[PDB]
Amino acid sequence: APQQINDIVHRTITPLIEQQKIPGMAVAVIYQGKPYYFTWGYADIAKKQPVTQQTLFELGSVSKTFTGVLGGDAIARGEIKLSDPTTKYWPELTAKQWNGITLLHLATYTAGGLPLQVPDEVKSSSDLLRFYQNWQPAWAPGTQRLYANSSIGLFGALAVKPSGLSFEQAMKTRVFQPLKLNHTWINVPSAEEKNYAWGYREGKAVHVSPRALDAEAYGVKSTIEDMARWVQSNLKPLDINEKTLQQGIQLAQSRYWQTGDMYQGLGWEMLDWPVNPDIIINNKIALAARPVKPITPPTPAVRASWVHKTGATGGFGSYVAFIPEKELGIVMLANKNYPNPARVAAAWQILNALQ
């Protein structure tokens, strides 16, 4: 790879792997819009199967960026509007407490304290309905941000209703296929399983467990190559020829809410660049209930931004960040869930060196 990339990746990631005992890792650096790939370690420890450019990793919450873009594409298609009440798409939620909860609120975790997880016992649509009906809001809609799978998971499920497609089928047809993500899956086909890394959690070989709204919240598995393509697509939305998808990507990177120095997009989270790295390395906002300021109209994607998302499942840790104005980005995929500050510090060190 270009030597500037060689040196910073080597000096940054090699220590990280050793420090965190990561079994296998893949990194892509997008530099002047072009991808460069790096791989370390093992997709299967026992069988000493190396991580490759074809290795599939669980993206965890980075999947929410796909959900946000799919939602954006639906808005651009005129199928849904973010101001639409939830009850338009699920009339059975009609109640005073669901008054004024809109798709926007679901997409951006501002519905008023929807739970962090959908309960393990929820398996049927009837179970799901009871869960959302019985929920007791902590706050008025559009006042507090509380990051939650039950919020964006519902958004994803409702956003696709007017399409007449399942969530998986919509994602495939409207996002994966046009962007040429041919090794990105919600459900890994049996013949592709050969590429699926084991995750490792405290020594156990594990894969993500099925759960309600999993596809919408943390469902995606992908390769380092496809993730690089995802970053390229998000860096340069104008390059995408399918108009609604182009528009959808731009809508997902718009700033709908602000808290402290941080902004909420659809799936994507953002800050103005340059950032103070302490506040994203030691992020005190992301996982806390924080008051938010609405931005109306939402600020179109700002080019001088740090746009990012972190993800984890039981056995995997992922991170994506990019800076549109610099044509620069990074994807880090690992088959161990390791702490967020170490991921973010590594990504910032690399991008800061290349900017």
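From 1 onward, residues are counted along the sequence shown.
- Comparing 3-11 with 345-353, the stretch with the higher mean C-alpha B-factor in the PDB entry is 3-11.
- Per the PDB record, of the two stretches 102-110 and 207-215, 207-215 carries the greater mean B-factor over its C-alpha atoms.
- Highest CA B-factor among 130, 180, 221, 145, as stated in the entry: 180.
- Of the residues listed, 32, 65, 310, 39, the entry assigns the biggest Cα temperature factor to 32.
- Split the chain's modelled residues into thirds by C-alpha temperature factor. Residue 331 is in the lowest one.
- In the deposited entry, the Cα temperature factor of residue 59 places it in the lowest third of its chain's modelled residues.
- Among the modelled residues of the chain, residue 165 sits in the highest third by CA temperature factor in this PDB entry.
- Among the modelled residues of its chain, residue 269 has a C-alpha B-factor that falls in the lowest third according to the deposited record.
- In this PDB entry, the Cα temperature factor of residue 89 sits in the top third of its chain's modelled residues, the highest group.
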